[PDB]
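Only one structure is covered here, and it is reproduced in the block below.
Here, each number is a calculation from the coordinates, and none is a lab measurement. For neighbour counting, all protein chains shown are included, and Cβ atoms are generated from backbone atoms with ideal geometry for every residue, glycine included.
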């Protein structure tokens, strides 16, 4: 049973890490599009 | 039609009679000598002005 518990803990931490990484990638892509269509290139 | 002794314009130039009198602004007198300026003009639309 304790082995099962440790496996579940690893699963939770994988869930958190990957979800945060998706957050980061989404932010990066949004910023890239923001430049691609932004007027800040000149002022 | 014929001007003896030197060059001249040969096309038909539309002229006008006005209060001043005879006026002739031939289209062959225009030249590409335009002094340019480095200043900018404001359109009045802030977004359009910043776009450029």
From B:45, B:27, B:36, grab the single residue that is surrounded by fewer than 10 Cβ atoms within 10 Å (Cβ to Cβ), within 19 Å of the chain's Cα centre (by Cα) and closer than 30 Å to residue A:39 by Cβ. B:36
Kindly indicate which of B:18, B:49 is out of contact with any strand residue (DSSP E or B) (no Cβ under 8 Å at 6 or more places or on another chain) and under 30 Å from residue A:41 (Cβ atoms). B:49
May I ask you to verify whether residue A:15 is surrounded by 10 or more Cβ atoms within 10 Å (Cβ to Cβ) and closer than 30 Å to residue B:52 by Cβ? no
Of the residues that sit in the range A:18-43 and are surrounded by 10 or more Cβ atoms within 10 Å (Cβ to Cβ) and within 14 Å of another protein chain (Cβ to nearest Cβ), which one is nearest to residue B:48 (Cα to Cα)? A:39
In this structure, is residue B:8 under 20 Å from the mean Cα position of the chain (by Cα), within 30 Å of residue A:38 (Cβ to Cβ) and assigned to a loop (DSSP other than H, G, I, E, B)? no
